[PDB]
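Peer 1: Residue numbers (the deposited numbering), protein chains in the order written: chain b, 2 to 149; chain 0, 79 to 186; chain E, 45 to 348; chain T, 47 to 212; chain 7, 36 to 325; chain O, 9 to 160. The beta-carbon is built from N, C-alpha and C at its ideal position, and this holds for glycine as well.
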RNA sequence: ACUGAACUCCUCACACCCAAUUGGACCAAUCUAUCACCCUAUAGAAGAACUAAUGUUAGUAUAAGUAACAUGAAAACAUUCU
Ligand SMILES: [Mg+2]
Ligand SMILES: [Mg+2]
Ligand SMILES: [Mg+2]
Ligand SMILES: [Mg+2]
Ligand SMILES: [Mg+2]
Ligand SMILES: [Mg+2]
Ligand SMILES: [Mg+2]
Ligand SMILES: [Mg+2]
Ligand SMILES: [Mg+2]
Ligand SMILES: [Mg+2]
Ligand SMILES: [Mg+2]
Ligand SMILES: [Mg+2]
Ligand SMILES: [Mg+2]
Ligand SMILES: [Mg+2]
Ligand SMILES: [Mg+2]
Ligand SMILES: [Mg+2]
Ligand SMILES: [Mg+2]
Ligand SMILES: [Mg+2]
Ligand SMILES: [Zn+2]
């Protein structure tokens with residue numbers, strides 16, 4: 002709930018799109034197990050997708066750990082320095098693939114309420130309204146009920 | 079009559095912690111120039127008073143020894159005397175009470 | 045820490061300070077006994093619609109007074125003690141229809157007064173007064189501050205209004221405050237003898253404001269209207285007024301001319317700005333009496 | 047029961063570099079299981095809450111309440127140990143940092159009413175806690191001036207944005 | 036120029052103080068016994084040239100520090116903030132003492148000092164202000180006084196009542212600052228380096244150096260202002276609660292050089308008077324005192 | 009409502025009131041100095057002073073004997089009243105008793121006063137003493153006094 | 001003419017607003033079989049889930065620091081007095 006939670010204004014890291022687009026996902030850390038059903042879905046993700054995924058985005062460094070665990074996870078790290086942990090657990094190759102894509106195309110800015118949808122650094126061109134726009138001028142700048 | 083609803087902590091905290099129900103600071107405290115203990119002004123020094131009352135307690139004990147029984151209050155005046163002092167000419171003809179110690183500085 | 049004036053004075057200095065300040069109050073009273081001689085304000089003759097200043101008097105006590113028709117009228121005695129003019133405020137500044145004169149009462153100690161008040165009285169050149177009351181006056185009635193006032197300010201035959209704080213009866217029950225009947229003493233009546241009855245109607249889910257119920261009684265200002273002045277003693281400055289006056293004995297009352305419609309234009313012959321004894325136009329006798337009053341030391345009354 | 051407050055005197059900080067402000071000394075002390083109501087004790091705790099040691103001892107001396115002598119004892123004990131063990135130079139330069147009363151463990155007895163009815167009466171106990179900080183006591187925050195009110199009001203008007211636009 | 040002169044004197048004061056501090060080998064423990072009526076036989080084991088009567092007081096209670104105005108060291112008046120030298124007997128002196136003779140003398144000596152301080156910085160630079168001294172005056176006399184030589188330009192000039200109220204508020208400001216009266220005892224020479232600009236201070240220093248077998252003289256500093264004093268002073272400025280500069284009087288045989296005796300009266304915080312009584316005391320201080 | 013009510017109600021009634029006061033007075037006569045609750049000391053104080061005046065009347069006065077008989081329960085104190093206390097206060101016309109406020113009672117937290125007859129044999133009470141004439145303020149006031157006397 | 005819905009259109013998404021009742025898709029924790037081995041998997045079992053019964057036990061609040069309760073006096077603490 003909006004009152005019950007924090008808010009941010011819409012932004013990017015370092016005006017991302019302005020010059021050149023930079024992928025914000027920097028590091029990916031996959032924890033899988035050799036045995037055990039939880040890591041099964043993830044196991045075959047490392048059989049096929051990992052390799053071609055890593056080719057697709059050379060910016061991301063991928064680390065696969067392969068140690069005993071009851072819950073396999075993925076640690077997404079971003080340029081700005083945010084860390085996002087996601088438990089892949091008992092998920093099919095396809096829905097794991099969707100996750101890894103979703104991580105790779107987002108920034109490190111936190112997911113809370115985003116206030117205004119639009120953000121301008123120069124909102125006006127002609128000049129912001131003030132109460133002395135579209136109000137006429139007087140001879141010698143005289144106020145009403147002036148003596149002279 | 080009976081309360082219709084429980085009073086909350088905030089309501090109660092306003093009752094209890096207002097300056098009216100608080101303890102007020104006393105501003106009439108001073109140092110006893112005699113003994114250096116703390117006394118309230120307008121009141122006798124607690125230390126100094128104890129000191130007097132312990133002396134007067136012992137004097138009353140010596141009064142009992144000499145009087146020796148109830149209903150024997152004398153028809154003369156009284157004077158108290160310490161070690162190495164003598165009654166004067168005007169002291170003659172009044173009740174004498176002796177002591178085994180020196181006269182206090184404060185008692186003259 | 046709080047300090048009173050005696051904290052740091054030896055036994056030698058105490059009587060000295062006491063006598064010194066006593067001297068100075070006497071000196072300050074001495075200075076101002078000649079108002080007309082000292083550069084005064086213009087004195088205007090009386091015209092209709094004019095209101096003059098009043099006095100501050102102390103209630104001494106009560107006495108009987110007799111009239112020629114043989115009737116007995118109780119009088120209250122009012123002593124005018126160290127009554128002076130304090131401050132004049134114009135009609136503009138006071139934000140009123142009338143201009144205003146401040147009058148002081150019983151002389152009081154400097155040691156028990158507030159800093160600013162002591163400063164105010166220093167500027168005047170008078171010792172501090174106990175009570176202050178404001179009188180609504182017309183422009184012509186203006187009196188230069190510092191001018192003393194006397195009981196001969198009023199004359200017999202004149203009606204006055206008297207206001208003072210009533211006698212304080214503290215928290216009282218409904219029965220003595222509002223004269224509620226209360227409940228019977230016998231025939232049952234369990235623990236209800238002096239209780240207020242039903243407070244309100246059941247239909248209304250409240251109690252109407254300003255309902256009569258037990259509370260703090262007395263100790264409030266009340267005025268008595270149209271009290272005749274039977275007698276003036278000029279030496280002691282005693283006003284003798286008809287009937288009862290509010291407040292205890294040795295209290296300070298505010299006494300001015302009556303407001304009542306019957307006596308609206310009766311101020312013609314009454315000494316307008318104030319009575320000035322220093323004027324020496326005619327030296328007022330020991331006592332002043334009303335026509336009807338039986339004189340103390342006059343022959344026994346016959347109805348023949 | 048928890049006894050954290052006692053252990054607070056066993057904290058050792060590592061030695062300071064010469065280029066450092068002198069750390070104030072720090073003493074925690076308490077009394078447990080005082081036969082007195084915790085809320086009644088609060089008023090006395092609250093009273094001495096920010097004052098220097100001596101000034102608190104003065105205020106407590108002439109105070110008529112039962113717990114007042116108890117607190118006096120605790121304060122004198124605390125002052126003594128501050129000088130002796132906590133390496134405080136002067137006994138006078140201490141002020142009460144925090145003064146708190148807690149609920150101690152309580153017993154239940156019976157109260158006999160009319161008919162056969164009864165109630166459960168509680169023998170009330172409480173703890174008192176104190177903390178002493180070496181140095182002069184903190185000067186109280188000054189009352190808010192008209193200029194401060196004005197200053198902040200200006201700040202407040204300047205913070206307005208046109209809302210629900212770009 | 037005076038603004039540089041004042042800070043120069045400070046630097047000189049500071050360097051001498053630092054020199055006197057440095058010749059002390061670490062810390063030597065002196066023993067000081069309390070010979071007071073109250074709390075007897077107390078022995079304070081103090082630092083040799085560091086610890087003060089104030090430090091002893093603040094071993095005892097705040098009641099001492101609050102209500103201690105002077106010290107007796109071997110029965111000699113001693114500043115509260117003066118560092119000790121050797122083992123001795125110490126007792127403290129208050130205003131409400133039986134014989135506050137020494138205490139009263141010290142109080143007036145200090146008030147006169149701060150009056151001189153405020154007078155100096157009350158006039159603009161185009162005029163010349165020259166402080167000469169504060170003469171020793173019995174407390175039973177009207178008020179304390181400081182003697183001043185002003186510019187020849189201000190020969191006709193007499194201060195108005197508003198000017199007096201001006202000085203009043205100015206001295207009050209000094210009290211509010213609450214400045215300790217730092218003391219320093221030195222040989223004559225270094226003090227002459229401090230005061231060589233005003234001859235009226237030069238000769239006064241020479242007087243004190245001659246009268247004493249040693250060339251020891253006392254210099255009391257109130258924050259920035261340094262002044263030569265004839266004896267011990269009050270610890271802090273806060274001690275004063277009432278302080279009005281009453282009048283200025285011209286001395287009669289002053290055809291060669293005009294002398295203006297500034298007079299004012301003061302009361303400490305412990306002994307404060309009612310409004311009316313203080314007023315009558317001001318009246319007396321308006322009279323010229325000799 | 010109770011303006012100008014002089015006596016304060018004390019015991020379990022007016023009879024008891026007198027009886028408590030009489031006990032206090034009896035004590036004070038005998039011992040010459042007594043600690044009691046502040047209200048009761050103040051209340052009894054007046055009757056103590058009034059007793060000395062009756063004592064001043066002498067043994068020969070039959071009225072005074074009857075009064076002393078009632079107010080002193082010990083009957084051995086009556087000689088003391090008339091042959092010790094009355095002679096002692098020969099010079100003074102009034103002011104025989106002094107009363108002071110001392111620290112509150114421990115048990116009760118009651119206001120406590122000591123009352124004593126003046127010029128007794130006992131060690132003297134620590135009494136409030138005004139500051140010395142040599143104080144700074146007193147010296148300045150003495151200064152003002154000097155001005156006024158020497159002006160004329 | 002304008003304003004004016006969850007009606008209708010628009011960019012995307014779609015099982016995602018009836019009582020009793022009836023049908024269906026999942027699932028917390030626990031034990032067992034076999035896995036797993038920083039807390040899981042597939043099944044088999046079951047005392048398998050509490051915002052409510054003037055529910056039952058324990059703890060702490062509200063009323064509330066409320067109502068209420070209590071020690072004849074002085075003293076040498078011998079004694080005396082009411
Ligand atoms: Mg009736
Ligand atoms: Mg019944
Ligand atoms: Mg009845
Ligand atoms: Mg029964
Ligand atoms: Mg309970
Ligand atoms: Mg009673
Ligand atoms: Mg719409
Ligand atoms: Mg629809
Ligand atoms: Mg739909
Ligand atoms: Mg399962
Ligand atoms: Mg179940
Ligand atoms: Mg539950
Ligand atoms: Mg019920
Ligand atoms: Mg219920
Ligand atoms: Mg339930
Ligand atoms: Mg409670
Ligand atoms: Mg209630
Ligand atoms: Mg009750
Ligand atoms: Zn004492």
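1) Name the two residues that bound the continuous alpha helix (DSSP H) containing residue 146 (chain E).
2) Residues of the region 125 to 151 of chain 7 in Cβ contact with chain O at a cutoff of 9 Å, in chain order, please.
3) Enumerate in chain order the residues of its own chain whose CB-to-CB distance from residue 145 (chain 7) is below 7 Å, with the five nearest sequence positions on each side excluded.
4) Figure out for me which residue from 99 (chain T), 114 (chain T), 201 (chain T), 150 (chain T) has the closest Cα to the Cα of residue 96 (chain 7).
5) Suppose the cutoff is 6 Å on Cβ atoms and the five residues either side in sequence are ignored; what does the same chain contact list for residue 324 (chain 7) look like?
6) Any residues in the region 16 to 44 of chain O with a beta carbon nearer than 9 Å to a beta carbon of chain E? Which ones, in chain order?
7) Looking at chain E, which residues of the region 306 to 320 of chain 7 have a Cβ within less than 7 Å of any of its Cβ atoms?
8) Which runs of the alpha helix (DSSP H), 4 residues or longer, sit entirely within the region 44 to 81 of chain b?
9) Put residue 54 (chain O) into one of helix, strand or coil per three-state DSSP.
10) Ignore the nearest five residues each way along the sequence and tell me which others in residue 94 (chain 7)'s own chain have a CB closer than 7 Å to its CB.
11) Indicate whether at least one CB of chain E lies closer than 7 Å to the CB of residue 84 (chain O).
12) Under a three-way DSSP split, which group does residue 137 (chain 7) fall into?
13) Specify the secondary structure class of residue 307 (chain 7) as computed by DSSP and reduced to three states.
14) With distances taken between CB atoms, is the gap from residue 73 (chain b) to residue 39 (chain b) smaller than 7 Å?
15) Comparing the C-beta of residue 32 (chain E) with each C-beta of chain O, is any distance below 7 Å?
16) Return helix, strand or coil for residue 126 (chain T), following the three-state DSSP convention.
17) Using a threshold of 7 Å, state whether the C-beta atoms of residue 105 (chain O) and residue 56 (chain O) are closer than that.
18) Closer than 7 Å by beta-carbon distance: list the chain 7 residues that pair up with residue 148 (chain 0), in chain order.
19) Taking any Cβ of chain T, which residues in the region 108 to 123 of chain b have a Cβ under 7 Å from it, in chain order?
20) Confirm, please, whether the CB-CB distance from residue 180 (chain 7) to residue 296 (chain 7) is below 7 Å.
21) Exposed or buried, what is residue 124 (chain b) when buried is set at 16 or more other beta-carbons lying within 10 Å of its beta-carbon?
22) Please determine whether the Cβ atom of residue 234 (chain E) lies at a distance below 6 Å from any heavy atom of ligand 2.
23) For the alpha helix (DSSP H) holding residue 163 (chain 7), just list the boundary residues, first then last.
24) Distance check for residue 174 (chain 0) and residue 182 (chain 0), CA to CA, integer angstroms please.
25) So which residues on chain 0 does residue 109 (chain O) lean against when the C-beta distance must stay under 8 Å?
26) Could you check if residue 226 (chain E) belongs to the surroundings of ligand 1, using beta carbon to heavy atom distance under 6 Å?
27) Closest to residue 129 (chain b) by CA distance: which of 120 (chain T), 114 (chain T), 208 (chain T), 155 (chain T) is it?
28) By the DSSP assignment, the alpha helix (DSSP H) with residue 33 (chain O) in it spans what residues?
29) Assuming residue 142 (chain E) and residue 191 (chain E) make a contact with CB atoms under 8 Å, what is their CB distance in whole Å?
30) Counting only beta-carbon separations shorter than 7 Å, does residue 329 (chain 7) have a partner in chain 0?
31) Mapping the DSSP letters down to three states, classify residue 43 (chain 7) as helix, strand or coil.
32) If you draw a straight line from the alpha carbon of residue 116 (chain b) to that of residue 194 (chain T), how long is it in whole angstroms?
33) Going by the CB atoms, is the gap between residue 194 (chain E) and residue 313 (chain E) shorter than 7 Å?
34) Spell out whether any CB of chain 7 is found under 7 Å from the CB atom of residue 126 (chain T).
35) Return the residue from the list 224 (chain 7), 222 (chain 7), 249 (chain 7), 263 (chain 7) that minimises the CA-CA distance to residue 239 (chain 7).
36) For residue 92 (chain 0), which residues in chain O fall below 8 Å Cβ to Cβ?
Peer 2: Inspection of the coordinates gives the following:
1) Translated into the one-based positions of the third chain, residue 146 (chain E) becomes position 102. Looking at the DSSP string, residue 146 (chain E) is not in any alpha helix (DSSP H); the run it does join, the beta strand (DSSP E), is 143 to 148.
2) 130, 131, 132, 133, 134, 135, 136, 138, 139, 142, 143
3) Within the fifth chain, the letter at position 110 stands for residue 145 (chain 7). Same-chain partners within the cutoff: 216, 268, 269.
4) To locate residue 96 (chain 7), count along the fifth chain from 1; it is residue 61. Closest by alpha carbon: 99 (chain T).
5) The count along the fifth chain starts at 1 and reaches residue 324 (chain 7) at position 289. The residues are 176, 177.
6) none
7) 306, 307, 309, 310, 311, 312
8) 50 to 57
9) Here residue 54 (chain O) is taken as the residue at index 46 of the sixth chain, counted from 1. Reduced to three states, the DSSP call for residue 54 (chain O) is helix.
10) Here residue 94 (chain 7) corresponds to residue number 59 of the fifth chain, with the count starting at 1. So the qualifying residues of the chain are 79.
11) As a first step, residue 84 (chain O) is located in the sixth chain; it is residue number 76 there, counting from the start. By this cut-off, residue 84 (chain O) is not an interface position.
12) Residue mapping note: residue 137 (chain 7) aligns to position 102 of the fifth chain, counting from 1. Three-state result, residue 137 (chain 7): helix.
13) Start at 1 with the first residue of the fifth chain, and residue 307 (chain 7) comes out as number 272. The answer is coil: DSSP assigns residue 307 (chain 7) none of H, G, I, E or B.
14) Taking the first residue of the first chain as position 1, residue 73 (chain b) is located at position 72. Taking the first residue of the first chain as position 1, residue 39 (chain b) is located at position 38. In contact: residue 73 (chain b) and residue 39 (chain b) (Cβ atoms closer than 7 Å).
15) Residue 32 (chain E) lies beyond the stretch modelled for chain E, which goes from 45 to 348, so this question has no answer here.
16) Translated into the one-based positions of the fourth chain, residue 126 (chain T) becomes position 80. Three-state result, residue 126 (chain T): helix.
17) Start at 1 with the first residue of the sixth chain, and residue 105 (chain O) comes out as number 97. Start at 1 with the first residue of the sixth chain, and residue 56 (chain O) comes out as number 48. Contact flag set, yes.
18) Numbered from its first residue, the second chain carries residue 148 (chain 0) at position 70. Result: empty, since nearest Cβ-Cβ is about 43 Å, beyond 7 Å.
19) 119, 121
20) As a first step, residue 296 (chain 7) must be located in the fifth chain, where it is residue number 261. As a first step, residue 180 (chain 7) must be located in the fifth chain, where it is residue number 145. Against a cut-off of 7 Å, the Cβ pair of residue 180 (chain 7) and residue 296 (chain 7) comes out as a contact.
21) To locate residue 124 (chain b), count along the first chain from 1; it is residue 123. When all chains shown are included, residue 124 (chain b) counts as exposed.
22) Walking along the third chain from the start, residue 234 (chain E) turns up at place 190. At least one heavy atom of ligand 2 is nearer than 6 Å to the Cβ of residue 234 (chain E), so yes.
23) As a first step, residue 163 (chain 7) is located in the fifth chain; it is residue number 128 there, counting from the start. From DSSP, residue 163 (chain 7) is part of no alpha helix (DSSP H); its letter is neither H nor E.
24) Here residue 182 (chain 0) corresponds to residue number 104 of the second chain, with the count starting at 1. Here residue 174 (chain 0) corresponds to residue number 96 of the second chain, with the count starting at 1. Residue 182 (chain 0) and residue 174 (chain 0): Cα-Cα distance of roughly 18 Å.
25) The residue given as residue 109 (chain O) occupies position 101 in the sixth chain. What residue 109 (chain O) touches in chain 0: 120, 121, 122.
26) One-based indexing of the third chain puts residue 226 (chain E) at position 182. True, at least one ligand heavy atom lies under 6 Å from that Cβ.
27) Numbered from its first residue, the first chain carries residue 129 (chain b) at position 128. Closest by alpha carbon: 208 (chain T).
28) The residue labelled residue 33 (chain O) in the question sits at position 25 within the sixth chain. Per DSSP, residue 33 (chain O) belongs to the alpha helix (DSSP H) from 22 to 39.
29) Here residue 142 (chain E) refers to the residue found at position 98 when the third chain is read from its first residue. Here residue 191 (chain E) refers to the residue found at position 147 when the third chain is read from its first residue. Not a contact, Cβ separation roughly 19 Å.
30) What is shown of chain 7 runs 36 to 325, which leaves residue 329 (chain 7) out entirely.
31) Walking along the fifth chain from the start, residue 43 (chain 7) turns up at place 8. Looking at residue 43 (chain 7) - three-state DSSP - the assignment turns out to be helix.
32) Sequence index remark: in the first chain, residue 116 (chain b) carries index 115 (1-based). Sequence index remark: in the fourth chain, residue 194 (chain T) carries index 148 (1-based). Between residue 116 (chain b) and residue 194 (chain T), the C-alpha separation is close to 33 Å.
33) For the purposes of this step, residue 313 (chain E) is taken as residue 269 along the third chain, with counting starting at 1. For the purposes of this step, residue 194 (chain E) is taken as residue 150 along the third chain, with counting starting at 1. No, these two residues do not count as a Cβ contact at 7 Å.
34) Reading the fourth chain from its first residue, position 80 is the one you call residue 126 (chain T). Taking Cβ atoms only, chain 7 never reaches closer than 7 Å to residue 126 (chain T), which makes this a no.
35) Position 204 of the fifth chain, counted from the start, is the residue given in the question as residue 239 (chain 7). Ranking 224 (chain 7), 222 (chain 7), 249 (chain 7), 263 (chain 7) by Cα distance to residue 239 (chain 7) puts 263 (chain 7) first.
36) Position 14 of the second chain, counted from the start, is the residue given in the question as residue 92 (chain 0). Ordered by position in chain O, no residue passes the 8 Å Cβ test against residue 92 (chain 0), which lies about 29 Å from the chain.
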